[PDB]
């Protein structure tokens, strides 16, 4: 049912892997949206979970960036998937992490923790982000250095490619941090935005409600705290119906692994 086939798999850590699958021929989506994917349980019943599509809308395959939860009904199984095996994929994209859900502006911030970088793996590879904005800032905070690797490699490939670098024109600013392991840049996104450390580190103007638009993707706790910081700079939450300066989505439901 709604089956698509795994074309590649990549393991990053013992809790993180990415994979790619074939795309339904009629699937249309906007970068930043999520769909339901799944596998069958031991009784032949679907185990369905929401996943951001980690590949941009132009990409001919669909990429996903996944947690591995030991004893997690879906990921305890999904972590073992192989090329040629299949997943269930519902081709019904939705979500508020989309450029259309924000007022037009000059700078676009992506604020993510852990697998919350997933919708921004798509958006950082979306032409629209660079056509409609002069600067795209990717803040990704994880506990450890290895958890940043998937995103670091994505950003490196983008910036180092001769053509893409030309088209992007220095617009992408990447600000990875750790909160536990030693790394040259540390700290929570909330703390580093509120204190202005990120402005100094990247050599950019402070957050400005006139020109800045942001998207937030992490745990509920992260989202709540980030919203407060954004609002302290004068940015207001909206979405599609009445777009304002920022949008938020949960990277997962619960407390997190």
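Numbering follows the first chain given and starts at 1. Rigid core (definition): largest C-alpha set, two forms, superposition within 1.5 Å.
Chemist: Root mean square C-alpha distance from this form after a core fit in 5 other deposited structures of this protein: higher for 158 to 166 or for 91 to 99?
Modeler: Between 158 to 166 and 91 to 99, greater C-alpha deviation in 5 other deposited structures of this protein belongs to 158 to 166.
Chemist: On a core superposition, give the stretch, 125 to 133 or 167 to 175, with the larger average C-alpha separation from this form in 5 other deposited structures of this protein (RMS over structures and residues).
Modeler: So, of the two stretches, the farther one in 5 other deposited structures of this protein is 167 to 175.
Chemist: Between 179 to 187 and 94 to 102, which has the higher average C-alpha B-factor in the PDB entry?
Modeler: The deposited B-factors put 179 to 187 ahead on the C-alpha mean.
Chemist: Looking at the entry, does 155 to 163 or 122 to 130 show the higher mean C-alpha B-factor?
Modeler: Going by the record's values, the stretch with the higher mean is 155 to 163.
Chemist: Among 26, 195, 232, 31, where is the Cα B factor highest in this entry?
Modeler: In this record, 26 carries the highest C-alpha B-factor of the candidates.
Chemist: Quick one: which of 208, 223, 52, 66 has the biggest Cα B-factor according to the entry?
Modeler: Among 208, 223, 52, 66, the highest C-alpha B-factor in the entry belongs to 208.
Chemist: Hey, what third does residue 14 fall into on Cα B-factor, ranked over its chain?
Modeler: Residue 14: CA B-factor falls in the highest third of its chain.
Chemist: Using the B-factor values recorded in the entry, state whether the Cα atom of residue 56 falls in the lowest, middle or highest third among the modelled residues of its chain.
Modeler: CA B-factor rank for residue 56: lowest third.
Chemist: What third of its chain, lowest, middle or highest, does the C-alpha temperature factor of residue 70 fall into?
Modeler: According to the entry, residue 70 has a C-alpha B-factor in the chain's highest third.
Chemist: Consider only the C-alpha atoms of the modelled residues in this chain, order them by B-factor as the entry records it, and name the third containing residue 245: lowest, middle or highest.
Modeler: Within its chain, residue 245 is a middle-third residue by C-alpha B-factor, going by the deposited values.
Chemist: Considering only modelled residues of the same chain, in which third does the CA B-factor of residue 168 rank: lowest, middle or highest?
Modeler: Residue 168: CA B-factor falls in the highest third of its chain.
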